[PDB]
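Novice: got a structure for you, letters missing:
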């Protein structure tokens, strides 16, 4: 379907450059300066179409770290890791595997019983290599030449990030983070509050340091009413400022009264339940607190060591950041966390079940050649030499992207059902859930449940006879669908995101209908963070499509390369200019990303075993079992030598930065800075 | 072979009671009071044949803990855990599975092609149940009724040991252990010694507490010469005290001179290389030290947390005990440890290879019925109705025990090749190595490489036809060999060890030939510890033989029960009276024992799957895959809720015991107690 892939990529490229032209025109308007330069406003300072790509590369990395942050820079380093990995894989896959496969005409042996393709398998892989053949001694050493070298890149980068983290976090500005420990669970007592329990624990066990504890209020209903009150005042602005350019009888459902008396009701509830939260309710005081110390060393001790007999009471997390704590999940009791997880492993098992139907509905539309040759009817979807290319190359990608346009938000809500009192861990487990959802339905339940449609004459006319051989041929045949998915979802989806329409339309609507001046900068935060819910494991999906199909057909490799090369420039321009970073992690997600790339390697070799086990290659599988040993052993090496720069904060640097801070500024209290830092953002 | 099993067990029992009579006679001699009551001498105090079993049960467990120790009591609790587990397994295996199997005469259908047994499979298991049958719905729920209940016992005991440990170690007497941390690796420097590196590290990072460091001398050659000097003075005592009851021309090889001038040579070397060890040799000062603190809290902090950037420098162990530190392995450089491990995984792979031949040489002797019916010759080993029982029931156990009479010492040496600077971890990894050696050669390479001999007519006359079915029948047929191995190795081996001949003969020889008085108490320590190299994973071998054959033939279960019931009384008498305990761990080996029993459970269900997959039991395997999920999930539960009472010493108890000790005795230094505690036992 190269006649189809060319048309699909042509539509995608000649729409993506339309997006670039629209961005180049619409950026230079003077009114949208608050949109496309919003982070510059957040830092407190007010023909030649693509003349922004060289501007986004002039700024060096340490100035970017001191300007943007440390999460987004290493997020760019994910894309540079992708460009580093897949360049020589594609180089050694062009000049080696393509002269191997183009020679032997085994799918020109097509009138073996029913296998009809055209002029693409001659560029494809092991399907074109016949049974028990001699060509496979190429691929396996190329397999080594892929998985030894990518482990070298994954070692070198994961060295240059732990060093990068330890250089950053031992020199960043003082937060009220590095002195504070969450004390998540605590046993009840006949004492009148949790506060004296935390006092008589930490005065006895940490008698020297112990700055000031702070318990966690419930405040769920109160914050929900504050959110509803602000939303109601937003509509009270909208309906009332329609009247300032109109006449009497304003609204319909006297009627402007029908929000302001509701405002009086809500304020009468606000003052009541804000009075009735910290006066008469010890019941609304959850068993948790934010303790605090006067050295970073003491908090580093307190939040790494076992505290008591039970490893369920007094357990200490690292107290994320006061602008990072996802409140209204500190109000979940601890003993009901493991229930809420086991619920959302079941419903996730449903989300890998209900979404199989919109997967297969794609591929039946994507391989109508696999239906026309398998079922005689042509007054329906018919070969017309051009609309076949549209129905097989463009609409499957658009359809599969539009079925995925909601599920990052769904998995974000589903992670919010569990506790995870930080945005910085909600986004990590949301990325993990969307990675599993891409690995099951977008990859496996696409390939297995679609290649049966793609070779339906094989399963139809001659059943249960060569059913390993047909499904072994059909998996490298299903690279064209991922080519189109790259060219639609990744390619134009990163080439169309620059024109940030979903915040810009809302910004114009809030310009046109609000009150007055002195408010035109709260909506510059409406472009949120980088997509770590959305765009983070999409990268790992393309890593999976690269590494799985690297000893398999190299027609996914150059498209992955140009996607990475474009998205690096796109996201680097975005991180320089339009991004917020509502949390400093800092880059504490590489034990997840590195692990998922290693799991992509392991799945790559375990699927290469399945592809070599369908051509009766006898002495080919024994020289491939060494790789799931070698990669998992390399992962256990990296889990020991580099990962405890991410988990365990060492005490030498915790004392070093403390003494350096007491050399920079002496003689300031921390109680004026940090005693009232973790009070709920109601108060 | 019940006619053979009865004769084997009769010989073993009627020799074991001969051992008990010899012990009862030889104990009441007045001269061996230093042997069979040696621990009572170590604690500083000077018809009715089996009248010692009720005496060994009168003493309650807390007095035993305050008398013997805390390792040996929980070592007895291993045997009581065995008696707790396998009693209702045998009860519910008699009254359920034996009326199932005795009914259906499918091995009385014996003239299916070549299968000849006699009157034992009617008591055995799934071999006697025919293909795709209805009896198996018993066994699987009995499988649940074994693996749910044993996990309850493994939860309850592992609760009553972590509580037992935390009650003991938070109330024991003061050692110079709980204040001391080994600092195993340290980077070099242009500074003149490692001592100033340890000083300028710990004064800066732990400025409050920091009692006194102590570096580790090399002292290998010096300690080897001290050992040779003491051995040479032992022979200098022996040859000279032969002269005190003889005449001139004493020895042969003037000749008594031929040891005393060698003594002068050795002392001239001792004073030289003891002078030339701490004066002119910074090269002989290894990069390690024993740091020390003045609170237990500070040492608990120092030996749980990451120290620096690298997790290879300044890494901190727990500094075992000064009478526990296996010296001359602190003199191994750290960077050469991982080489020495990877050597001794290879040679261990050789020890699982060379010892296959003495395994199979046993079973060919053990199943001559499987050779006579498979190879016509009878002027060799012949059926004579009694010597068949001797050659099949007694000599395989004796032969297999005598091939194993050296390998605990071999694995002890092999663990000494690695570093492991404690006896308390050398014995743990020696127990792990001997567990793997029992699981591979004594269990798997016995069963697979012997059942082929046991059904050699099946593999001979009709080959490659029912080779899953024959090897599925033959594995429950190979329970009689483990019956005899229990009755020889375990049974009489624990019933014959009471008469502790290997220290007693040496004690009589050292009484007859040494110098004078004032020396008759150093040889009471010659009975060493409990067998944790030798006798610890023998228990787990019988756990494996119980749990694997519990849904399989219950003719191993009562013999395991009476072995446990006898060995509990035997080892409890021994631990009360004759044992030393050269190290207090205290019971820090249950994450190993609990893990190996859980692995025995997992191997039990994964071999039960293999036994059900040989009778074409279709709807029997799907209701058995849940158990390797359930047991490993239970192991991940116990690794989280109970294990960090063994690994991570909590800080609340470390401050509690410190304040209680300062309430018991105030105002004593630790430098008079602990500054010179870890100097090498040369000095």
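Specialist: Received the coordinates, thanks. Numbering: from 1, shown residues only, chains lettered A, B, ... in the order given.
Novice: got a list of what the residue of the stretch 351-500 of chain A found nearest chain B touches?
Specialist: Closest approach of the stretch 351-500 of chain A to chain B (CB to the nearest CB) occurs at residue A:419, with a separation of 16.7 Å. For the C-beta atoms, the positions are set from N, CA and C on the backbone; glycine is no exception. When contacts are counted by CB atoms under 8 Å, 6 or more residues apart in numbering or on different chains, residue A:419 touches A:329-330, A:332, A:337, A:340.
Novice: farthest pair in these?
Specialist: A:330 and A:340 (14.2 Å; CB to CB).
Novice: mind checking which of the two has more residues around it?
Specialist: The residue with more neighbours, out of residue A:330 and residue A:340, is residue A:330; 23 against 12, by other CB atoms under 10 Å in any protein chain shown.
Novice: residue contacts, the more buried one?
Specialist: With the criterion set at CB under 8 Å, 6+ apart, residue A:330 makes contact with A:216, A:286, A:288, A:419, A:421.
Novice: how about these in a markdown table, adding secondary structure?
Specialist: Formatted as a markdown table, those follow (DSSP: H, G, I helix; E, B strand; the rest coil):
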| residue | secondary structure |
| --- | --- |
| A:216 | strand |
| A:286 | strand |
| A:288 | strand |
| A:419 | coil |
| A:421 | coil |
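Novice: buried subset of the residues you listed?
Specialist: Buried subset of the contacts of residue A:330 (neighbour count, 16 or more other CB atoms under 10 Å in any protein chain shown): A:216, A:286, A:288, A:419, A:421.
Novice: among the residues you listed, which two are most distant?
Specialist: Greatest spacing in the buried ones among the contacts of residue A:330, by CB to CB: A:216 and A:419 (12.1 Å).
Novice: get me the contact residues on chain A for chain B.
Specialist: Neighbours of chain B within chain A, by CB under 8 Å from any CB of the partner chain: A:166, A:201, A:204-205, A:208, A:300-301, A:304-309, A:311-312, A:314, A:640-641, A:644-645, A:648-653, A:655.
Novice: what about 7 Å?
Specialist: Residues of chain A lying close to chain B (CB under 7 Å from any CB of the partner chain) are A:166, A:204-205, A:301, A:304-309, A:311, A:640-641, A:644-645, A:648, A:650-652, A:655.
Novice: gap between the helix or strand hosting residue A:231 and the chain center?
Specialist: Using DSSP states H and E, residue A:231 sits within helix A:220-243. With CA atoms, centre = their mean, to the nearest Å as the basis, helix A:220-243 stands 32 Å off its chain's centre.
Novice: what comes up buried for the next helix or strand after it?
Specialist: Using DSSP H and E, the helix or strand that follows helix A:220-243 in sequence is helix A:257-275. Buried residues in helix A:257-275, counted by 16+ other CB under 10 Å: A:259, A:266, A:274.
Novice: ok, stretch A:380-389 next?
Specialist: A:381, A:388-389.
Novice: what comes into contact with the helix holding residue A:231?
Specialist: A:250-251, A:256, A:259-260, A:262-263, A:266, A:269-270, A:273-274, A:277, A:327-328, A:331, A:513-515, A:682 (CB atoms under 7 Å, 6 or more residues apart in numbering or on different chains).
Novice: in it, what counts as buried?
Specialist: Residues of helix A:220-243 classed as buried by neighbour count (16+ other CB under 10 Å): A:222-223, A:225-226, A:229, A:232, A:236-237, A:239.
Novice: ditto for stretch A:385-401
Specialist: A:388-389, A:391-397, A:399-400.
Novice: where along the stretch 51-200 of chain A do the helices fall?
Specialist: Using DSSP state H, counting those that start in this stretch, the helices found in the stretch 51-200 of chain A span residues A:61-67, A:71-101, A:136-169, A:194-205.
Novice: next one: the first one to chain centre, how far?
Specialist: It stands for helix A:61-67. The answer for helix A:61-67 is 22 Å, by CA atoms, centre = their mean.
Novice: what packs against that helix?
Specialist: Judged by 3 or more CB pairs under 7 Å, 6 or more residues apart in numbering or on different chains; DSSP states H and E, helix A:61-67 is in contact with helix A:71-101.
Novice: what's the angle from the helix it packs on to helix A:136-169?
Specialist: Inter-element angle recorded for helix A:71-101 and helix A:136-169: 170 degrees (by axes from the mean of the first three to the mean of the last three CA atoms, to 10 degrees).
Novice: show me what helix A:71-101 is packed up against.
Specialist: helix A:61-67, helix A:136-169, helix A:536-548, helix A:557-577.
Novice: backbone phi and psi for the residue of chain A positioned farthest from its centre, please?
Specialist: Most distant from the centre of chain A: residue A:248, at 50.2 Å, with distances by CA atoms, centre = their mean. Phi and psi for residue A:248, reported as degrees, to the nearest 10, are phi -70, psi 170.
Novice: distance of it from residue A:257?
Specialist: Noted for residue A:248: a distance of 14 Å to residue A:257, by CB to CB, to the nearest Å.
Novice: next: residue A:246.
Specialist: As for residue A:246, its distance to residue A:257 is 17 Å (criterion: CB to CB).
Novice: and what of residue A:213?
Specialist: Separation of residue A:213 from residue A:257 (CB to CB) stands at 47 Å.
Novice: again, but for residue A:167
Specialist: Relative to residue A:257, residue A:167 is positioned 60 Å away (CB to CB).
Novice: same deal with residue A:38?
Specialist: Residue A:38 is 37 Å from residue A:257, by CB to CB.
Novice: and the nearest residue to residue A:489 once chain neighbours are set aside, backbone torsions?
Specialist: Spatial nearest neighbour of residue A:489, excluding adjacent residues (CB to CB, 6 or more residues apart in numbering or on different chains): residue A:401 at 4.6 Å. Phi and psi for residue A:401, reported as degrees, to the nearest 10, are phi -70, psi -40.
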